[PDB]
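**Q** I'd like to ask some things about the structure below.
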Amino acid sequence: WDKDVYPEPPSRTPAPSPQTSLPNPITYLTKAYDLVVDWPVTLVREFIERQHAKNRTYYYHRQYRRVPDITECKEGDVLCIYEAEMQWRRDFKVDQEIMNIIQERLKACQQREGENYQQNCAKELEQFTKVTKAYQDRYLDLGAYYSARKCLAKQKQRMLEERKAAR
Amino acid sequence: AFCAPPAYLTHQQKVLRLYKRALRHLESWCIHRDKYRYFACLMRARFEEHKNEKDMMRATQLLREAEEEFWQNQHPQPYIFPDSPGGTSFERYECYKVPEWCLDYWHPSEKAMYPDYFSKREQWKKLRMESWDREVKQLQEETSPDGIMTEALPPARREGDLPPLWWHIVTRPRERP
Amino acid sequence: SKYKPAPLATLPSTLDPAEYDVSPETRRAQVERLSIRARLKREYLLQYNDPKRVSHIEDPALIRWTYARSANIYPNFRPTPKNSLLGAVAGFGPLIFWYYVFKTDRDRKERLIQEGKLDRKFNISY
Amino acid sequence: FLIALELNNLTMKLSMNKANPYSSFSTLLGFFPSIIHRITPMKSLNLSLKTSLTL
Amino acid sequence: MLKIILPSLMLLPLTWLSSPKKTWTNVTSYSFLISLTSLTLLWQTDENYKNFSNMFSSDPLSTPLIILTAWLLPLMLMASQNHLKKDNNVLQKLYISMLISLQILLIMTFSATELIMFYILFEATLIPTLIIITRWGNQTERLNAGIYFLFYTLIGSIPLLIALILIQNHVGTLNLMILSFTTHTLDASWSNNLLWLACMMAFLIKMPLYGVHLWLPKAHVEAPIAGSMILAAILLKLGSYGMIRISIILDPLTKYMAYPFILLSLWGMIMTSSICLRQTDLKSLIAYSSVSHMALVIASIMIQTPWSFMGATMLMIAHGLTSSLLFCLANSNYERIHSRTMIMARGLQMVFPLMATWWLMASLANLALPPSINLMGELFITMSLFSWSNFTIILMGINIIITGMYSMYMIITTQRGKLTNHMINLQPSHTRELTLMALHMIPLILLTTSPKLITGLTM
Amino acid sequence: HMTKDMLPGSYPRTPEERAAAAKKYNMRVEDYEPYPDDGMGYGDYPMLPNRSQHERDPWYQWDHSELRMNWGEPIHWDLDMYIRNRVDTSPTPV
Amino acid sequence: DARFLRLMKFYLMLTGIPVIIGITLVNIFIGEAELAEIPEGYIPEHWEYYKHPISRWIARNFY
Amino acid sequence: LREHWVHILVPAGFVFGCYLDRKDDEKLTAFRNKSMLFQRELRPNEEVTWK
Amino acid sequence: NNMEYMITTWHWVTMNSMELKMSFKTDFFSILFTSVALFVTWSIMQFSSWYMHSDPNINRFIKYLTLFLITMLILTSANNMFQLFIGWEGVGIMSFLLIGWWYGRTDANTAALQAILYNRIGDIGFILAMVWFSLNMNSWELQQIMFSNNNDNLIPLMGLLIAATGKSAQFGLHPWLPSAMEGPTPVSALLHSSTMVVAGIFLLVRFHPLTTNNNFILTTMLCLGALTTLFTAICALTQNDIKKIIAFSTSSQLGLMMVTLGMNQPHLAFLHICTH
Amino acid sequence: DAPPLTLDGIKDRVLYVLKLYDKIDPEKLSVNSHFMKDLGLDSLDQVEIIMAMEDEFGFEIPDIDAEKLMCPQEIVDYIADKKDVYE
Amino acid sequence: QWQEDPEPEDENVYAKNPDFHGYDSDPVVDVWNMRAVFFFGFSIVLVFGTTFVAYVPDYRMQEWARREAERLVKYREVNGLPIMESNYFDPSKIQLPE
Ligand SMILES: [Zn+2]
């Protein structure tokens with residue numbers, strides 16, 4: 001994962017400071033898990049990845065050239081508009097997994113910062129509104145027949161308002 | 001459950017069936033045995049007196065005021081036995097009382113094991129078909145003379161014959177398999 | 001006090017006057033009804049206990065019940081009052097009730113959205 | 001426990017003690033079972049068969 | 001999409017040409033594979049709808065169904081091998097062919113670009129269905145049921161015929177692709193307010209709405225099991241598929257012209273759900289269960305929110321599979337019992353141990369148990385309906401409580417309690433009966449693992 | 001197998017019809033009390049006492065055990081309600 | 001109700017295990033691919049854009 | 001084939017189905033490389049972007 | 001170390017904005033309960049082997065008991081509420097299967113239908129809360145729902161309170177837990193006694209961060225918890241069935257548990273659940 | 001759990017109880033000995049006897065069939081028949 | 001009464017053919033009508049079908065969009081652009097009325 005698309009804070013751990021003669025029942029167990037559960041598995045896994053690296057293959061990420069958007073597309077020309085409703089229905093999803101990440105990045109930031117979520121985790125929630133106030137302003141009223149012509153109108157009904165209110 | 005219901009009830013069976021409902025609903029208020037064995041021989045006294053009333057009218061006026069005394073002096077949660085209707089185990093084991101006409105669709109493999117079992121079962125099924133004629137005829141030859149019919153069925157009355165309609169009182173699912 | 005049978009919690013057998021009825025007639029019906037049931041009982045009990053039978057005992061008393069309840073209804077329908085007044089309050093009554101329940105809500109919602117009060121926060125779905 | 005002990009003991013005194021008015025409201029579960037289980041299932045099924053289904 | 005179709009047509013030659021003894025296996029085995037070719041349409045790596053050719057297309061909404069339509073023909077032919085095994089060897093080959101034509105026609109209707117191609121194929125499906133119901137129907141009343149099934153659909157159908165020819169003149173082509181990418185915005189006149197009703201009413205009729213659903217209880221009652229499976233699983237959903245593709249046009253009016261139906265459906269959902277509560281005929285109860293769970297769908301294809309639509313797509317595919325499963329097991333009881341009465345036949349688990357497990361899972365699918373697509377579906381329609389008006393939960397809340405009650409009552413008075421004393425002894429279960437069921441539920445378990453495939457066009 | 005004459009018909013208008021129906025339903029002619037004629041469909045179906053199967057003698061060998069109903073006895077119109085599961089009209093101590 | 005399962009639990013397990021052997025051995029020895037940059041004019045073929053080997057053996061051969 | 005020819009009837013349908021299917025592709029061949037999104041110059045030794 | 005863990009094992013659907021995933025939380029409530037529940041379960045299965053000895057279907061009975069435990073633990077450790085729903089409905093259905101173990105007895109069947117009806121009335125509340133959290137703040141995952149602290153959160157928590165009252169036998173629809181005793185005694189111990197009933201108390205502790213904000217619902221359950229405590233206790237005084245008296249005591253103690261949740265003292269309420 | 005009954009263990013208990021009823025002499029109680037015509041007891045004492053038996057064997061003899069448990073033996077086969085003891 | 005047949009009973013096909021599988025009366029057709037139905041039904045549709053359906057790649061692009069977001073979120077955040085700007089069709093392209 002891209003430490004930058006799915007961030008993750010650096011870790012700060014208090015150091016071991018035992019103050020009891022008794023023996024910790026956790027440290028012993030781990031010493032076992034590490035030998036009877038991890039080593040055995042670790043061995044297999046590696047052997048997996050070397051089997052992979054022999055005939056290493058690659059897969060790319062289709063890059064879609066940008067076609068002309070409905071805003072510029074003849075009326076009635078089903079050809080151009082078809083290529084332009086897809087370009088949008090495509091960005092209706094790319095603009096949706098982005099919102100999936102903010103749904104996620106936050107969820108983690110409230111598990112990683114419990115009892116402080118009220119505060120420490122406000123870098124995100126400020127963003128979850130900076131992103132939700134936008135998704136609400138370009139994709140929400142629309143029916144289940146969402147189309148670029150309708151986002152073009154949902155916007156342009158309001159561009160009057162950012163022009164009637166302003167005036 | 002076995003014997004058939006009489007059409008109308010007599011005076012007696014109504015009185016003598018209160019002596020049961022009453023004494024048994026007195027062991028729900030009086031739990032301890034002693035208190036009971038006391039408070040109950042005092043009950044019989046109540047029934048013991050007014051035993052020889054010959055004045056029917058009166059008798060049916062003591063009975064009708066007994067069963068109202070009782071209805072208002074009954075226990076909401078009496079002691080009803082574990083396996084009797086209304087009980088706690090009533091019809092519990094009925095999920096295991098399959099009706100025995102179902103062993104007739106068993107695969108020849110299943111019935112292959114359990115061999116002597118089906119050797120005796122085929123005998124009994126021969127008994128059943130061997131008498132249906134003598135039975136139904138009995139049931140009929142002994143029919144009522146165009147009179148009141150009860151749910152009672154006749155006994156055998158001849159050697160070799162089997163009590164009429166005996167296939168489901170006998171050969172009935174075991175109570176607690 | 002005195003038990004008071006209601007349509008539910010009915011009068012028990014005991015405490016019931018008619019039980020305490022021994023008029024000749026009653027004991028003539030009470031013995032004339034067992035006959036019908038004994039007669040029907042001895043028409044079930046030697047046809048179910050019949051060897052050599054595979055056909056389905058029918059219980060025609062149940063077939064007279066279903067026919068009476070789903071195929072003998074409309075042939076016995078006569079439109080009266082207490083039937084059409086009550087046959088319109090049931091079909092259109094609530095159907096008109098909820099319309100003014102849903103219209104008023106949907107209209108309240110719409111107004112508020114139009115005027116700018118409804119928060120619709122963190123609602124990115126619908 | 002103290003109060004319950006005494007009452008229980010008093011029971012075994014050859015002195016018959018029947019229910020007080022409340023004992024019934026106590027033993028048959030406050031009567032919520034006797035009343036709300038016979039009315040609701042009765043007036044919810046009567047309306048389907050008699051009114052919504054047949055009428 | 002002519003492999004899902006041409007190979008299908010060829011089934012007809014095989015049912016006729018094949019040996020009388022081997023006719024059943026050739027047909028059932030081959031259409032199982034016909035379903036396997038159908039699965040290829042599911043390969044949609046991209047968003048673009050797969051326009052196979054001018055007349056034939058498959059988009060997310062049709063694809064989940066075409067596969068179900070192909071899947072049930074095998075099952076239908078397996079559920080009707082018993083009854084219809086008493087026929088003359090030419091009545092069978094007619095029934096098998098009739099079933100074959102239904103999915104040929106239904107596959108095309110669900111996979112049709114031109115809306116009037118939908119109409120011609122849409123209303124043709126009545127011919128095969130009416131024959132299946134009337135010709136082989138056991139009860140004296142199927143002549144009547146057939147009449148009800150033909151007239152309610154037909155009187156609705158001619159208005160749609162006039163409406164679609166009308167839009168062709170107004171827009172100039174009934175091609176669903178273009179009609180979508182073209183500006184057809186009705187103008188809220190009094191007339192348009194009629195157009196909208198003309199287009200939706202024919203679809204609303206075969207999707208039983210509370211007002212016109214009397215045809216479905218009567219039809220499934222006397223219909224043979226294969227006809228009842230087809231009506232519940234694919235035939236009723238033809239109405240839903242139509243409402244999704246036709247409301248692309250008539251975009252503005254449904255905002256305010258839907259209230260009448262929405263309220264008819266939600267109140268209808270409660271009353272249809274409730275009468276299931278005391279109906280003596282099991283096939284009767286499943287049919288009203290079908291009306292109520294389809295009344296939810298017309299109330300999501302009208303609210304028109306993304307979630308509704310795929311709630312609808314989820315529920316339609318799911319309820320289709322569940323209903324058949326219920327209609328199929330109802331038949332197995334009917335054939336041994338010989339009566340549709342629910343009160344008789346009590347205690348079957350005691351004598352048919354597994355069929356009861358199938359009965360239990362079918363009922364849990366019927367009510368909304370959560371790790372099931374059936375629940376996901378209702379949960380979503382419920383959400384949107386709540387968005388339409390928070391009060392909707394009350395009515396969609398009385399239905400959930402009632403739906404739990406009748407679903408379990410079918411299990412409690414049919415598959416539990418003491419065994420019936422001695423009905424004609426109930427012969428053990430055939431392996432066909434059990435598979436016909438397994439074939440219904442194993443797909444219900446597999447689809448619930450990955451709900452994305454049946455989510456609809458919206459998502 | 002069931003004749004139309006052995007199946008429910010219209011409200012018994014004349015007294016001979018009220019005694020003919022009582023045969024069909026295996027009842028006593030003086031106990032057949034047709035449901036009130038208000039045209040709601042009941043027809044000739046007997047108006048049997050509205051008592052639930054709960055208080056039918058729980059010991060007697062009822063042919064149909066669980067419905068506590070014998071074979072032939074007129075079934076009650078609402079037996080889907082007063083059955084041993086759904087509703088309980090049964091006398092209560094209070 | 002037992003002959004059925006030995007047949008259903010069998011003919012699923014008949015073709016089921018050779019699959020499971022197939023998914024496991026492919027996923028083990030051959031493996032999913034690792035993502036890369038389109039190399040200045042590779043114009044990758046339809047099969048090149050998918051990860052799993054099995055999910056590309058099909059795409060290349062049939063779609 | 002001892003009257004098992006019947007079997008081929010259905011399979012054969014698939015083959016003709018796929019054949020007729022290709023025919024349609026051949027017909028709907030305009031825009032082969034004119035689709036704005038996918039308009040590319042033919043790579044060496046390739047006369048058809050999609051066949 | 002007093003540290004928690006949210007584990008997202010498998011993704012089920014993206015469903016656009018609302019992604020759905022299978023998540024197990026490991027907060028203090030979840031692991032403390034997981035240990036207490038299995039200890040009780042380990043006790044009961046051994047009891048079950050002795051109690052149902054001579055039952056012809058012992059294996060099926062043990063099978064359903066563990067399926068109950070699997071649904072109960074899923075209900076315990078559920079991050080998104082869709083999984084909480086899977087557990088909430090799931091224990092309801094297996095309770096139906098296990099209260100009426102002896103299907104033949106109509107009394108057991110009547111109680112089983114009772115239990116499903118009361119649970120489904122409760123389900124309407126959870127669906128309402130789920131739908132409100134599927135709209136307004138948007139995700140069924142607890143980690144985000146808790147960001148709805150400064151919102152209204154009354155429409156939703158009233159829904160969960162309704163769900164708890166049905167599942168936890170509060171004064172409204174209190175009768176099915178007494179009725180549930182128609183089940184086998186081991187079934188009565190592990191599900192009627194501990195795991196199934198505490199589910200309603202557990203749900204509100206999970207959603208308490210939201211509960212502390214709304215004063216109105218806190219006193220609402222304090223009030224009904226209080227009424228059930230005495231109402232059930234007074235009924236228990238005269239009952240003459242040993243299993244029934246214990247069951248009423250199960251309801252009262254939970255009435256006390258409801259009272260502490262009503263007085264906004266979530267941690268101690270959980271402590272009583274374990275000791276109870 | 002407990003051991004099943006026998007047609008001679010369901011007979012020794014029935015005679016046992018009755019031998020403890022004061023009115024019924026314990027030396028003239030014989031299984032074929034009728035309660036009301038041979039031993040002397042009244043009608044009310046039949047109800048009381050049966051009830052003892054219902055409490056010795058833990059089940060309820062239906063009244064319609066309990067109204068006839070006269071012989072001190074009918075009680076011994078009826079109890080056994082109701083409990084399926086084929087000896 | 002008119003001439004018509006007496007009710008035909010339904011045979012206990014399980015009496016002969018005790019291995020009846022429910023498909024046909026004669027046994028061999030029975031066996032060969034389940035050996036081909038469990039096989040074509042379960043063995044190569046529920047198995048091969050689920051295998052193929054499971055391996056459909058990035059169905060409806062939802063495997064592609066969780067990366068394109070990641071680069072867009074990678075690119076938008078690092079270059080300081082708003083992660084989801086608030087107008088999609090650029091305002092400049094739109095020609096509003098007057
Ligand atoms: Zn034991």
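So you can find residues: chains in the structure tokens are A, B, ... in the order shown, residues in each start at 1, and ligands are numbered from 1 in order.
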Just need the residues of chain E within 9 Å of chain G, counting only C-alpha atoms, so spit them out as a PyMOL selection string.

**A** chain E and resi 352-355+428-431+434-435

**Q** Could the residues in this selection be written to a file with N, CA and C atoms, as an mmCIF file, in the first residue's frame?

**A**
```cif
data_model
loop_
_atom_site.group_PDB
_atom_site.id
_atom_site.type_symbol
_atom_site.label_atom_id
_atom_site.label_comp_id
_atom_site.auth_asym_id
_atom_site.auth_seq_id
_atom_site.Cartn_x
_atom_site.Cartn_y
_atom_site.Cartn_z
ATOM 1 N N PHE E 352 -39.926 -36.823 6.642
ATOM 2 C CA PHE E 352 -39.088 -36.394 5.534
ATOM 3 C C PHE E 352 -38.051 -35.491 6.115
ATOM 4 N N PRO E 353 -37.036 -36.055 6.753
ATOM 5 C CA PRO E 353 -36.071 -35.208 7.453
ATOM 6 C C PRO E 353 -35.417 -34.101 6.644
ATOM 7 N N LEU E 354 -34.885 -34.362 5.458
ATOM 8 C CA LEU E 354 -34.149 -33.316 4.734
ATOM 9 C C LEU E 354 -35.049 -32.270 4.100
ATOM 10 N N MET E 355 -36.079 -32.687 3.394
ATOM 11 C CA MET E 355 -36.959 -31.723 2.693
ATOM 12 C C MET E 355 -37.226 -30.625 3.720
ATOM 13 N N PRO E 428 -41.088 -42.058 0.440
ATOM 14 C CA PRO E 428 -39.910 -41.256 0.735
ATOM 15 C C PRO E 428 -39.593 -40.262 -0.364
ATOM 16 N N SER E 429 -38.649 -39.367 -0.122
ATOM 17 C CA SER E 429 -38.266 -38.375 -1.123
ATOM 18 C C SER E 429 -37.403 -38.854 -2.249
ATOM 19 N N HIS E 430 -37.753 -38.455 -3.457
ATOM 20 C CA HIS E 430 -36.981 -38.835 -4.600
ATOM 21 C C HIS E 430 -35.745 -37.988 -4.573
ATOM 22 N N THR E 431 -34.695 -38.385 -5.274
ATOM 23 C CA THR E 431 -33.500 -37.565 -5.347
ATOM 24 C C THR E 431 -33.717 -36.396 -6.278
ATOM 25 N N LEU E 434 -35.254 -33.550 -4.203
ATOM 26 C CA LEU E 434 -34.283 -32.887 -3.377
ATOM 27 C C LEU E 434 -33.312 -32.072 -4.237
ATOM 28 N N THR E 435 -32.836 -32.596 -5.354
ATOM 29 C CA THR E 435 -31.952 -31.788 -6.172
ATOM 30 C C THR E 435 -32.660 -30.546 -6.685
#
```

**Q** Please give me, as a list in words, the residues lying within 7 Å of ligand 1 when counting only C-alpha atoms and all ligand atoms.

**A**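 Listed by chain and ascending number, the contacts are residues 50, 51, 52, 53 and 54 of chain I; 1 of chain J.
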
**Q** May I ask you to extract the residues of chain K within 10 Å of chain C, using only C-alpha atoms, and to give them as a list in words?

**A** residues 9, 10, 11 and 12 of chain K

**Q** Quick check for you: according to DSSP on this backbone, which residues of chain A are classed as alpha helix (DSSP H)? Reply as a ChimeraX atom specification.

**A** /A:25-32,39-54,78-108,123-135,148-164

**Q** List the spatial neighbours of residue H:31 as a ChimeraX atom specification - criterion: any atom at most 12 Å away, only C-alpha atoms, same-chain residues fewer than 6 positions off excluded.

**A** /A:79 /H:25,37-40,48-51

**Q** Leaving out residue E:8 and any residue of its chain fewer than 2 positions from it, which residues lie within 12 Å of it when counting only C-alpha atoms, given as a count of residues only?

**A** 45

**Q** Taking 6 positions as the minimum chain separation for residues in the same chain, which residues sit within 7 Å of stretch 169-171 of chain I when counting only C-alpha atoms? Answer as an NGL selection string.

**A** :I and (177 or 224-225 or 227-228 or 251 or 255)

**Q** Would you mind listing, as a list in words, all residues of chain A that have at least one atom within 8 Å of chain C, where only C-alpha atoms are what counts?

**A**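 Only these qualify: residues 128, 129, 132, 135, 136 and 140 of chain A.
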
**Q** Restricting it to N, CA and C atoms, dump the selection as a compact mmCIF listing (two decimals), in the first residue's frame.

**A**
```txt
# COMPACT_ATOMS: atom_id res chain seq x y z
N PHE A 128 -13.48 14.94 5.55
CA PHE A 128 -14.69 14.19 5.23
C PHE A 128 -15.87 15.11 4.96
N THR A 129 -15.80 16.38 5.37
CA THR A 129 -16.76 17.39 4.96
C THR A 129 -16.30 18.20 3.76
N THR A 132 -17.30 15.64 1.34
CA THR A 132 -18.72 15.32 1.30
C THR A 132 -19.55 16.50 0.79
N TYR A 135 -19.10 16.03 -3.08
CA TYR A 135 -19.90 14.91 -3.58
C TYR A 135 -21.39 15.21 -3.50
N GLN A 136 -21.81 15.95 -2.48
CA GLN A 136 -23.21 16.35 -2.39
C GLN A 136 -23.58 17.37 -3.45
N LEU A 140 -25.74 14.02 -6.06
CA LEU A 140 -26.62 13.53 -5.01
C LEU A 140 -28.10 13.56 -5.38
```

**Q** Quick one: of B:158, B:58, B:107, B:174, who's nearest to chain J, counting only C-alpha atoms?

**A** B:174

**Q** Excluding residue J:87 and any residue of its chain fewer than 4 positions from it, enumerate the residues within 9 Å of it, using only C-alpha atoms, and give them as a PyMOL selection string.

**A** chain J and resi 5-8

**Q** Any chance you can output those residues with N, CA and C atoms as a PDB file, in the first residue's frame?

**A**
```
ATOM      1  N   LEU J   5     -40.249 -49.763  34.875  1.00  0.00           N
ATOM      2  CA  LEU J   5     -41.113 -50.644  35.657  1.00  0.00           C
ATOM      3  C   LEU J   5     -41.399 -52.030  35.201  1.00  0.00           C
ATOM      4  N   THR J   6     -41.979 -52.854  36.054  1.00  0.00           N
ATOM      5  CA  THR J   6     -42.252 -54.220  35.687  1.00  0.00           C
ATOM      6  C   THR J   6     -43.652 -54.534  36.130  1.00  0.00           C
ATOM      7  N   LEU J   7     -44.225 -55.560  35.533  1.00  0.00           N
ATOM      8  CA  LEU J   7     -45.592 -55.916  35.838  1.00  0.00           C
ATOM      9  C   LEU J   7     -45.703 -56.562  37.187  1.00  0.00           C
ATOM     10  N   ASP J   8     -44.600 -56.645  37.908  1.00  0.00           N
ATOM     11  CA  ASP J   8     -44.664 -57.184  39.255  1.00  0.00           C
ATOM     12  C   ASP J   8     -44.028 -56.206  40.183  1.00  0.00           C
TER      13      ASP J   8
END
```

**Q** Mind checking which residues fall within 12 Å of residue G:58, counting only C-alpha atoms, ignoring those fewer than 6 positions away in the same chain, and posting them as a PyMOL selection string?

**A** (chain E and resi 40+43) or (chain G and resi 46-48+50+52) or (chain K and resi 51-53+55-57)

**Q** If you keep N, CA, C and O atoms, can you produce a file of those selected residues as an mmCIF file, in the first residue's frame?

**A**
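Output contents, as saved in part.cif:
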```cif
data_model
loop_
_atom_site.group_PDB
_atom_site.id
_atom_site.type_symbol
_atom_site.label_atom_id
_atom_site.label_comp_id
_atom_site.auth_asym_id
_atom_site.auth_seq_id
_atom_site.Cartn_x
_atom_site.Cartn_y
_atom_site.Cartn_z
ATOM 1 N N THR E 40 -21.266 -16.501 -19.575
ATOM 2 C CA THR E 40 -20.224 -15.686 -20.258
ATOM 3 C C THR E 40 -20.621 -14.206 -20.261
ATOM 4 O O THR E 40 -19.715 -13.358 -20.177
ATOM 5 N N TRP E 43 -19.211 -11.563 -17.836
ATOM 6 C CA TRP E 43 -17.815 -11.058 -17.916
ATOM 7 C C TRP E 43 -17.879 -9.605 -18.383
ATOM 8 O O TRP E 43 -17.690 -9.355 -19.577
ATOM 9 N N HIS G 46 -4.938 -6.790 -24.427
ATOM 10 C CA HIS G 46 -6.089 -6.853 -23.488
ATOM 11 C C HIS G 46 -5.701 -7.692 -22.271
ATOM 12 O O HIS G 46 -5.985 -7.255 -21.147
ATOM 13 N N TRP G 47 -5.021 -8.818 -22.487
ATOM 14 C CA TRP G 47 -4.672 -9.730 -21.367
ATOM 15 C C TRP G 47 -3.720 -9.056 -20.383
ATOM 16 O O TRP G 47 -3.782 -9.388 -19.190
ATOM 17 N N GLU G 48 -2.881 -8.136 -20.853
ATOM 18 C CA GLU G 48 -1.830 -7.544 -19.986
ATOM 19 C C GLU G 48 -2.405 -6.740 -18.815
ATOM 20 O O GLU G 48 -1.642 -6.508 -17.878
ATOM 21 N N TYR G 50 -4.743 -7.500 -16.545
ATOM 22 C CA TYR G 50 -5.395 -8.278 -15.455
ATOM 23 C C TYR G 50 -4.346 -8.961 -14.563
ATOM 24 O O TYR G 50 -3.289 -9.326 -15.102
ATOM 25 N N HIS G 52 -4.514 -11.924 -11.959
ATOM 26 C CA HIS G 52 -4.420 -13.377 -11.858
ATOM 27 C C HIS G 52 -4.133 -14.052 -13.167
ATOM 28 O O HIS G 52 -4.703 -13.704 -14.192
ATOM 29 N N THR K 51 -16.209 -21.169 -10.663
ATOM 30 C CA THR K 51 -14.782 -20.874 -10.942
ATOM 31 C C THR K 51 -14.706 -19.706 -11.928
ATOM 32 O O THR K 51 -14.050 -18.712 -11.596
ATOM 33 N N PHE K 52 -15.380 -19.796 -13.074
ATOM 34 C CA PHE K 52 -15.266 -18.735 -14.106
ATOM 35 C C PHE K 52 -15.790 -17.407 -13.560
ATOM 36 O O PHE K 52 -15.114 -16.393 -13.750
ATOM 37 N N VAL K 53 -16.934 -17.423 -12.881
ATOM 38 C CA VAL K 53 -17.550 -16.159 -12.385
ATOM 39 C C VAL K 53 -16.624 -15.522 -11.357
ATOM 40 O O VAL K 53 -16.499 -14.290 -11.355
ATOM 41 N N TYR K 55 -13.456 -15.682 -11.339
ATOM 42 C CA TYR K 55 -12.258 -15.125 -12.009
ATOM 43 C C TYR K 55 -12.613 -14.026 -13.014
ATOM 44 O O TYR K 55 -11.709 -13.557 -13.686
ATOM 45 N N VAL K 56 -13.878 -13.630 -13.131
ATOM 46 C CA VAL K 56 -14.155 -12.470 -14.021
ATOM 47 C C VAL K 56 -13.311 -11.367 -13.410
ATOM 48 O O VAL K 56 -13.435 -11.152 -12.199
ATOM 49 N N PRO K 57 -12.457 -10.658 -14.170
ATOM 50 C CA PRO K 57 -11.552 -9.684 -13.595
ATOM 51 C C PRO K 57 -12.052 -8.242 -13.468
ATOM 52 O O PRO K 57 -12.581 -7.724 -14.413
#
```

**Q** Using only C-alpha atoms, which residues of chain G come within 7 Å of chain A, and what is the closest atom pair for each, with the distance in Å to one decimal? Give it as CSV, sorted by chain and residue number.

**A**
```
residue,atom,partner,partner_atom,distance
G:28,CA,A:48,CA,6.0
G:29,CA,A:51,CA,5.2
G:30,CA,A:52,CA,5.8
G:31,CA,A:52,CA,5.6
G:33,CA,A:58,CA,4.9
G:34,CA,A:58,CA,5.2
G:35,CA,A:59,CA,5.0
G:36,CA,A:60,CA,5.3
G:37,CA,A:60,CA,6.3
G:38,CA,A:60,CA,6.3
G:48,CA,A:59,CA,5.2
G:49,CA,A:60,CA,5.0
G:50,CA,A:59,CA,5.9
G:51,CA,A:59,CA,6.0
```

**Q** Quick one: which chain E residues come within 8 Å of chain K, and what is the nearest atom pair for each with the distance in Å to one decimal, counting only C-alpha atoms, rows ordered by chain and ascending number, as a Markdown table?

**A**
```
| residue | atom | partner | partner_atom | distance |
| --- | --- | --- | --- | --- |
| E:21 | CA | K:29 | CA | 7.3 |
| E:22 | CA | K:29 | CA | 7.5 |
| E:24 | CA | K:33 | CA | 7.8 |
| E:25 | CA | K:33 | CA | 5.5 |
| E:28 | CA | K:37 | CA | 7.3 |
| E:29 | CA | K:40 | CA | 5.9 |
| E:32 | CA | K:41 | CA | 6.0 |
| E:33 | CA | K:40 | CA | 7.0 |
| E:35 | CA | K:45 | CA | 7.9 |
| E:36 | CA | K:45 | CA | 6.1 |
| E:39 | CA | K:49 | CA | 7.0 |
| E:42 | CA | K:53 | CA | 7.2 |
| E:43 | CA | K:56 | CA | 5.5 |
| E:44 | CA | K:59 | CA | 5.5 |
| E:45 | CA | K:59 | CA | 4.6 |
| E:46 | CA | K:60 | CA | 4.7 |
| E:47 | CA | K:60 | CA | 5.0 |
| E:81 | CA | K:23 | CA | 6.5 |
| E:82 | CA | K:23 | CA | 7.2 |
| E:85 | CA | K:24 | CA | 8.0 |
| E:427 | CA | K:12 | CA | 7.4 |
| E:430 | CA | K:22 | CA | 4.8 |
| E:431 | CA | K:21 | CA | 5.2 |
| E:432 | CA | K:22 | CA | 5.5 |
| E:433 | CA | K:22 | CA | 7.4 |
| E:435 | CA | K:38 | CA | 8.0 |
| E:439 | CA | K:41 | CA | 7.6 |
| E:442 | CA | K:46 | CA | 8.0 |
| E:443 | CA | K:46 | CA | 7.6 |
| E:446 | CA | K:50 | CA | 7.9 |
```

**Q** Select residues of chain E: the criterion is any atom within 10 Å of an atom of chain C, counting only C-alpha atoms; output as number ranges by chain.

**A** E: 211, 259-260, 262-268, 271, 279-281, 304-308, 336-339, 341, 343-344, 380, 383-392, 395, 421-425
